[PDB]
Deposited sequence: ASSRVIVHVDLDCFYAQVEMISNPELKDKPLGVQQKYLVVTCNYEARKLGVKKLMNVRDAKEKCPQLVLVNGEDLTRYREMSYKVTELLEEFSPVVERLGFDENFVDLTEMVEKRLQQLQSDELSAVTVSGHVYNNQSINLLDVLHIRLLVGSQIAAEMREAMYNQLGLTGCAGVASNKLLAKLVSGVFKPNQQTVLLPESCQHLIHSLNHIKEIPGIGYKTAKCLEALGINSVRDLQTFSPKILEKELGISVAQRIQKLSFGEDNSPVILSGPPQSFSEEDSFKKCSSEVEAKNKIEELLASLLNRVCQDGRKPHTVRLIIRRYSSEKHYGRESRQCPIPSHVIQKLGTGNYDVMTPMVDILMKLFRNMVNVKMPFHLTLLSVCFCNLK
């Protein structure tokens, strides 16, 4: 083990794609999916007209006074489709990592080897790429690594083909030697296409970023910390002092994101498997009297119970989270965790009050069934 062939699959405007399959009349027409006062996602037709994801419904219609909107506050169908995609990819190779509802990582390393071993000392020269090659780099058919990434692009092509035939879904794929690069290159040719990255082009891809914040792994926070240090470009981070950085973010985060700035990411593809938790949420115009407004909570449990059930396993912990309006609390949530009565495990009534007492001990309300077994 040493050289991996990873693939990053990223579905195009996933929610719109599901809504469109539902009611076809929505195709070719600018379609935006709405949650409260936001247009979380939209089909490309609409993006052409200026609709950008996570855009105010207003800023959205006064940019495209024709945009069709559907409500996407209920993630049931999306979720269901998200697992259908993951499963299909699990077929090609079991080790699949989900990143949100629309992303998956697959370690194709073992699969590329098996395929290569079936090729004869001739046909191995007829190996061809499938899709784009980043920075239009030249392929060297004698470079074993090149042969491997190209095979990976074929498999990548196959998965994309299967997704569309079997599930009616289009999307992108990125093939590289680690998760960071694969995710970075999957977006190069945006609408429903695929790109493969050859080693020689790693820095080019890394340096094409305009801000460290663009590097998967570096969030909103870490970015601001780095700024406060005069670290703005990816090369600033590459050339910055190991000591100082290590001494201000933690030898961990430090040593890790600096490897990242170079295109280095040794993290494995974790097998996601079944969810580690189930939760429903609900935001509402500061509309909760601090009581009686727990009929909403009864609502959450309704669906959740239907979900936690279906799964098969049973959760051994419940939780409640809340919010409070006032100033601009850029981060403010509160939750009361608690074990679930063994008897009650094996129905609403009990639970209802269970959350109620958890309620009292304490704009948005959400229940979460975690600790599954």
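Mapping the modelled residues onto the deposited sequence reveals missing stretches at 347 to 354, 371 to 379.
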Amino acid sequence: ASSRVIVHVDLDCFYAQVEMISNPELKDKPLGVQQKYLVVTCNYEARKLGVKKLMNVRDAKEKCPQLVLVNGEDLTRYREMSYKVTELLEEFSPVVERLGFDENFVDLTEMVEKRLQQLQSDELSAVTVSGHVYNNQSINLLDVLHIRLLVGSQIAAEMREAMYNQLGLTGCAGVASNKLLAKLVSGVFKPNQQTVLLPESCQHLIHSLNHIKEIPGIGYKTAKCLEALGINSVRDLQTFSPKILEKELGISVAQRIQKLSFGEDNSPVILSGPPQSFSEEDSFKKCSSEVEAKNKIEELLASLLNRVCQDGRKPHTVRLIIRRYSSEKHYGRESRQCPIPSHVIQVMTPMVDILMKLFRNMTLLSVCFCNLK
From here on, numbers count along this sequence of modelled residues.
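Definition used throughout: the rigid core is the maximal C-alpha set that superposes within 1.5 Å between two forms.
For the pair 247 to 255 and 112 to 120, rigid core superposition yields a higher RMS C-alpha distance in 8 other deposited structures of this protein in 247 to 255. Between stretches 141 to 149 and 289 to 297, greater average Cα displacement in 8 other deposited structures of this protein relative to the shown form, fitted by the core, falls on 289 to 297. Among the other PDB entries of this protein that were compared and that flank it with modelled residues, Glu328 is left unmodelled in a third or more. With 60 to 68 and 42 to 50 compared on mean CA B-factor from the PDB entry, the stretch scoring higher is 60 to 68. In this crystal structure, the stretch out of 136 to 144 and 275 to 283 whose C-alpha atoms carry the higher mean B factor is 275 to 283. Taking the deposited Cα B-factors for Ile231, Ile215, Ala173, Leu301, the highest one is held by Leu301. Between the residues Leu169, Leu237, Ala293, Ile206, the entry's highest C-alpha temperature factor is the one at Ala293. In the deposited entry, the Cα temperature factor of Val129 sits in the middle third of values across the chain's modelled residues. Placement of the Cα temperature factor of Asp10 within the chain: lowest third of the modelled residues, per the deposited record.
Per the deposited record, the Cα B-factor of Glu110 falls in the middle third when ranked against the other modelled residues of its chain. When all modelled residues of the chain are sorted by CA temperature factor, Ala16 is found within the lowest third. Among all modelled residues in this chain, the alpha-carbon of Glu73 has a temperature factor (C-alpha) in the middle third.
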